[PDB]
Amino acid sequence: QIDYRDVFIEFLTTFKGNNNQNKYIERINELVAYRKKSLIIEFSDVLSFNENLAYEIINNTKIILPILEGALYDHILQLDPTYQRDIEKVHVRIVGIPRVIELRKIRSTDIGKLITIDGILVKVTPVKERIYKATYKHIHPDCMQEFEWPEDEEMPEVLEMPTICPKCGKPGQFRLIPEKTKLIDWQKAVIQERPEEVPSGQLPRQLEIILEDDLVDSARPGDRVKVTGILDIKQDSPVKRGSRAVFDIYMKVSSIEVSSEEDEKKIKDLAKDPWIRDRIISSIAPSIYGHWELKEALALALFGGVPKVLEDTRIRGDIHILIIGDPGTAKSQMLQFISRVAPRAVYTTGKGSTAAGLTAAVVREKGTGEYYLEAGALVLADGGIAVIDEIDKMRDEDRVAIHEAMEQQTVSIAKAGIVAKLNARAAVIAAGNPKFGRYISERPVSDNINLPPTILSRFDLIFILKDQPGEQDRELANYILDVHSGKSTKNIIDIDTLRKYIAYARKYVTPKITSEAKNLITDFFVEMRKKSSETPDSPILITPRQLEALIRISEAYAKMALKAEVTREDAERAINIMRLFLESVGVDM
Amino acid sequence: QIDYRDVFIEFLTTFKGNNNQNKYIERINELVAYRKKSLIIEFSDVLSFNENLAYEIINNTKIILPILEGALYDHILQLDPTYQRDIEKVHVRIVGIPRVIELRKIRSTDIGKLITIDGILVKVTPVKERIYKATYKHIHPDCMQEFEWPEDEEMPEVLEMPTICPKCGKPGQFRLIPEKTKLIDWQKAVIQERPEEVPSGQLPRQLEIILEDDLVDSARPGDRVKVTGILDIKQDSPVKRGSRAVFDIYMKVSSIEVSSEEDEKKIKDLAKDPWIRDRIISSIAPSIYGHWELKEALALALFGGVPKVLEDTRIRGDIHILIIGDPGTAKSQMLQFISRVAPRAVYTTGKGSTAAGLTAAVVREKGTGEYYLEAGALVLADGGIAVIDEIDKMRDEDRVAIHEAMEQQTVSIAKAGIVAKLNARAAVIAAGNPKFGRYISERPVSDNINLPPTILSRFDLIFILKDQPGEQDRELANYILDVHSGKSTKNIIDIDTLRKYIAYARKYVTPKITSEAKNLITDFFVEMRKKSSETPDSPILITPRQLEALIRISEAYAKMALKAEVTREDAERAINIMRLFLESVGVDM
Amino acid sequence: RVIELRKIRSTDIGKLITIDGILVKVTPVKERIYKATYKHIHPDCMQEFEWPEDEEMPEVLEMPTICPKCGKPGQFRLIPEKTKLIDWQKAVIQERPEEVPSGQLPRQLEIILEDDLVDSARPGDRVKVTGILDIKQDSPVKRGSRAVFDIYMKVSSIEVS
DNA sequence: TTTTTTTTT
Ligand SMILES: [Mg+2]
Ligand SMILES: [Mg+2]
Ligand SMILES: [Zn+2]
Ligand SMILES: [Zn+2]
Ligand SMILES: [Zn+2]
């Protein structure tokens with residue numbers, strides 16, 4: 001038995017990272033300045049430094065984590081005594097455990113060991129408080145004594161009350177003292193296994209996890225997470241007998257990750273290429289041949305515009321795309337790709353969705369009997385992208401429920417005495433088929449689309465796809481067979497890098513409109529409106545929304561190159577893509 | 001060792017305000033005269049008077065507050081000995097606490113400290129009575145003795161049954177004596193966080209607060225309030241075990257303020273401008289170009305007329321506006337602005353509203369099994385404005401629920417054995433699209449509204465918005481791009497001061513109609529009757545309702561200028577707006 | 001004294017007051033015990049007694065614990081024949097709509113009618129009641145907080161319109 | 001009762 005306090009302190013103060021910058025030393029300095037009370041340590045770094053120390057953490061976790069925490073606290077306290085009286089104790093969280101076990105393959109032998117499970121977050125409860133050291137008071141005409149009930153031991157998960165007063169050795173009834181009671185933050189969350197690991201013909205399983213102290217509110221529902229902790233059995237109602245000697249299992253989370261400097265460096269050099277826009281466009285759905293104009297439209301929606309928030313109103317900065325095409329034009333294929341490359345996306349279908357499920361659902365809690373709100377698909381997609389396949393297959397009474405969310409980006413509910421307004425800032429991508437399955441060229445556009453003009457005006461771009469056999473069949477057939485043969489197109493940015501690029505652009509880039517782009521947009525909008533009045537029979541209308549669309553598209557093109565201003569070149573591209581949308585719908589320019 | 005009783009009396013008596021009038025001395029004088037029993041003290045005043053006094057109260061409020069009550073009570077006692085026999089003790093309340101913490105950021109370290117939280121009140125409980133000192137009689141044939149149970153401390157939040165009789169030392173049965181029991185007023189309320197504070201993709205949280213003594217019935221649901229007090233853990237079934245030693249927190253209210261003398265001067269001098277009405281109109285929706293005539297109608301609805309109450313009937317004092325326009329005419333943008341600038345407004349949509357949610361909903365308590373009502377959207381909007389967007393999309397079974405509210409300004413509830421009639425004196429602002437999306441001029445208004453003719457009879461003014469691409473496209477395009485570029489319109493009233501201006505006018509201004517003014521309305525209304533018979537095919541009928549509506553519009557104009565008298569210039573202005581209403585609806589004169 | 005149904009506070013309990021409101025619910029006439037008669041079921045006792053001795057029987061129903069005659073505990077059986085009853089009726093009073101403040105729901109108060117006061121008025125009428133307020137007790141034995149109590153109304157005289 | 005998805009007169 002050798003003390004690990006010196007080794008742990010030596011590891012923190014002597015470890016050299018990629019640049020030999022003493023990364024953990026910097027983390028301590030950040031911890032002291034911000035009073036973060038939590039430290040994150042990569043497991044592979046510990047193993048590289050001292051393999052014996054890594055072994056002890058994995059197995060002897062129950063009786064070595066407090067030892068390291070105490071040593072770390074003294075080092076921080078010595079570094080800055082002001083840190084004391086503000087933070088009582090610090091936490092050491094280990095990340096990178098080699099022991100990873102699937103949610104469905106958890107057995108009895110894994111209880112009591114530090115393991116890692118990767119899944120999808122589903123439900124998060126409001127933050128509550130847990131008593132870990134009580135303070136009772138034996139009220140009895142002779143006692144008038146208070147005491148901390150659990151002596152030399154943390155309070156168990158089961159609320160237990162003293163039977164014999166330690167101060168007088170007598171029974172009676174005791175009264176809790178909230179003022180002297182010590183509390184710790186407590187949150188309950190539910191994790192679900194990923195859809196790619198569920199066995200065939202079976203519903204996904206669920207596991208209950210517990211977050212405490214600073215770990216509360218570390219993630220939102222729908223996030224992909226990696227949790228490391230100790231499994232344990234759950235006790236709910238042990239007071240009443242009746243067998244039920246079978247218990248569920250829950251998880252005590254010690255460290256949690258969601259979904260770096262090197263990545264930012266990789267992204268920065270990518271935008272240096274003048275043809276970065278073409279590379280991004282060609283990297284959208286590499287398995288689909290052609291449809292270049294469609295690929296550009298989907299790329300713009302991934303980046304989006306710049307939302308504007310003023311003192312009196314706000315203007316949305318999301319781009320909505322609608323695709324109408326004959327069956328077999330692969331429309332669902334790009335939509336599936338978009339839901340996989342976007343940092344945050346939700347995939348829905350017209351037939352399998354309802355008005356309540358898309359925006360918000362009011363459900364009665366059977367435990368208390370009072371109504372409460374449940375987030376819909378659009379609410380869960382706030383700040384992301386919502387995909388609605390088969391938009392024409394849903395009832396018009398249900399489709400009309402998203403008119404407010406698509407423009408005002410808010411959901412208003414007045415039901416069961418509940419008045420609320422939830423943000424739904426999400427970009428909507430929709431696809432569907434014409435009225436008669438396939439497009440009828442002889443018939444006009446009004447009866448082919450079979451959609452009200454109100455929802456049509458809310459879409460920035462509308463593309464009509466027609467499957468016309470011709471001279472391009474041979475090249476299309478060769479491309480499809482090459483995909484089935486395993487051949488892949490090179491010079492394509494991978495999904496993981498592309499997803500990182502999109503997230504960085506949406507966070508640190510905010511283009512501004514210049515004077516040159518202002519004149520070009522104004523001239524085109526005025527000219528576009530004049531031609532619209534010539535033929536008023538078209539279902540589509542040129543409303544002031546289309547003017548907003550040009551600004552959003554112009555910003556999206558600039559954001560793709562990580563530019564700071566909307567130059568003249570970006571304005572031309574916005575006009576060019578708008579011309580194709582107008583030409584496809586039947587309006588010449 | 002340092003006593004602050006003298007400092008408290010010194011601070012109350014020797015404090016100089018900005019007017020140098022000893023406001024706190026006047027507050028005590030007002031308290032004694034009206035038996036207020038509650039004193040409001042700003043924290044900033046104490047900080048200027050003495051830093052040590054300010055630091056003590058904000059930190060040690062648990063013990064200093066009872067001490068400060070005695071010094072105030074004695075000073076009031078010597079000021080007026082008759083204060084006794086009516087009020088046993090007074091209350092001192094501190095406001096302006098700088099310890100402001102967000103609702104979602106509350107942690108374990110904040111329990112037991114004086115903090116303040118800003119939120120929205122959503123639920124109020126009927127006033128109840130709480131026991132703080134009980135009296136029991138020992139039911140045992142030897143005792144027949146009455147004793148107060150909690151000796152040397154207050155009754156805790158959990159009622160405790162004495163087990164041993166203090167007077168005789170014998171256990172048995174005890175009977176509560178309500179005659180000698182001490183009671184205190186008790187109320188429960190729920191606070192919800194503001195929509196602007198909710199994180200992306202999450203749902204708003206709630207916190208339960210407790211109001212006691214004079215703090216009961218100090219607010220109504222839907223009001224934004226700032227509440228200060230001490231947090232504590234909630235106990236529901238301490239006797240009943242079952243593990244789950246996790247407790248939710250609740251707030252003990254000590255001072256509550258809903259949502260002022262320099263602003264009074266700031267609004268009175270503003271009305272001195274003879275062009276104040278023009279400036280107010282130009283300040284409505286500054287981000288919307290044009291629509292000058294429709295902006296005037298919205299301003300009138302913000303102020304409204306003066307209700308007339310007779311010995312048998314009441315005359316509605318509110319103005320109802322219906323807006324029908326093509327998609328993309330910014331109908332929803334100004335409705336959002338109206339809901340934000342009005343002192344009390346509720347925003348609802350046609351698809352997100354139900355009949356129960358608009359008027360009242362019954363809720364069955366799980367415990368008692370009793371039905372009780374909940375406030376609907378219209379009830380919460382009483383005394384304010386109710387905004388109903390996309391009124392043409394709501395189901396007719398829910399549309400009939402507002403027919404009584406528009407005309408009778410009342411809501412009748414007869415369900416689940418509960419019969420009541422609620423007041424719904426709220427102005428209704430509604431918007432909707434034409435029957436065929438784009439308005440058709442050649443067809444009449446009846447086949448374009450897609451609404452029953454009955455509901456349109458209750459609307460004072462109806463406006464038609466037309467999106468016709470013409471020479472104004474360039475001006476509109478330039479204006480929109482200016483908004484997106486950060487450019488703002490100057491010489492306009494800010495929203496915060498505009499809301500204060502509207503609230504003052506609706507409270508302290510009651511214009512009176514002159515005899516000469518009545519001549520114009522009576523003469524004008526006669527000419528409408530002649531034209532009604534000339535063209536009886538119009539869907540608009542010249543009823544006595546139009547005569548009543550004309551009076552309200554003139555009264556609103558006078559209230560806009562803070563004038564207590566209705567001159568002739570307001571009557572002609574009311575005539576002009578009615579004429580354009582008839583011109584837009586197709587009745588050309 | 002006349003007090004609005006919404007302005008009732010803690011200081012008004014135990015004093016004669018007058019409330020004006022609208023009847024909304026009337027319960028069927030029932031009987032209440034003010035002096036019960038108990039028989040000790042113990043193979044030696046066979047004794048009859050009135051448990052609420054020298055005191056009116058309270059609202060809470062409490063059975064005797066020790067036999068006043070034999071001086072021993074056991075089983076006590078109530079005798080409906082020897083007991084004395086009194087007419088009992090429950091009703092709910094709702095405040096007038098004109099008294100309701102803006103944007104609030106009307107309050108309700110529970111009143112008790114006894115003896116000849118039963119069936120004095122029908123639901124939907126306007127009445128003015130007089131009497132003494134008191135708190136409501138349902139299950140004082142059950143612990144678990146609930147230290148707050150509601151207030152009901154005992155009617156001594158009621159007039160209609 | 002009231003909001004929701006579902007099979008059923
Ligand atoms: Mg498809
Ligand atoms: Mg709208
Ligand atoms: Zn003891
Ligand atoms: Zn006794
Ligand atoms: Zn006996």
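Hydrogens, waters and symmetry mates are skipped; everything else that's a heavy atom, side chains included, is used. Residue numbering restarts at 1 for every chain, and letters A, B, ... go by the order of the sequence lines.
Between the CD1 atom of B:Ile413 and the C1' atom of D:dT1 there is a distance of 12 Å, given to the nearest Å. Atom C1' of nucleotide D:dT5 and atom NZ of A:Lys351 are separated by 12 Å, given to the nearest angstrom. Distance A:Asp398 CG to D:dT6 P: 12 Å, rounded to the nearest Å. Between the NZ atom of B:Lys366 and the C1' atom of D:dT2 there is a distance of 16 Å, rounded to whole Å. B:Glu370 places its CD atom 13 Å from the P atom of D:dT1, with the value rounded to the nearest Å. D:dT2 atom P lies 17 Å from atom CD of B:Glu365, rounded to whole Å. Rounded to an integer number of Å, the gap from B:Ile418 CD1 to D:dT2 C1' is 13 Å.
For A:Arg364 against D:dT2, a side-chain N or O and a base N or O form a donor-acceptor pair under 3.5 Å.
Within a 6.0 Å radius of NZ in B:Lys366, more than 12 heavy atoms belonging to other residues, nucleotides or ligands are found. Other residues, nucleotides and ligands contribute at most 12 non-hydrogen atoms within 6.0 Å of the CZ atom of A:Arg340.
Distance from the side chain of A:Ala356 is smallest to D:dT5 among D:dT1, D:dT5, D:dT3.
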Checklist entry - Hey, mind stepping through A:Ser412 and A:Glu404 against side-chain hydrogen bond (donor to acceptor under 3.5 Å, both in side chains) and telling me if it holds? => result CA-CA 8 Å; A:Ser412 310; A:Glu404 189 208 356; 2.8 Å; yes
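A salt bridge links B:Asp217 with C:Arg107; the closest basic N to acidic carboxylate O contact falls under 4.0 Å. Residues A:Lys128 and B:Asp248 are not paired through a salt bridge, judged by the lack of any N-O separation under 4.0 Å between the basic side chain and the carboxylate. The existence of a salt bridge linking C:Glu4 and C:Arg6 is excluded, since no basic side-chain nitrogen approaches an acidic carboxylate oxygen closer than 4.0 Å.
Contact between the side-chain N/O atoms of B:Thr354 and the OP1/OP2 oxygens of D:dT3 is found at a separation under 4.0 Å.
In the region residues 371-379 of chain A, proximity to DNA chain D at under 4.0 angstrom, judged on heavy atoms, holds for A:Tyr371.
North is the pucker class for the sugar of D:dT4, given a positive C1'-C2'-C3'-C4' value.
Note on residues 344-364 of chain B: pairs passing side-chain hydrogen bond (donor to acceptor under 3.5 Å, both in side chains), not counting sequence neighbours, are B:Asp223-B:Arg344, B:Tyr347-B:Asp389, B:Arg364-B:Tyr371.
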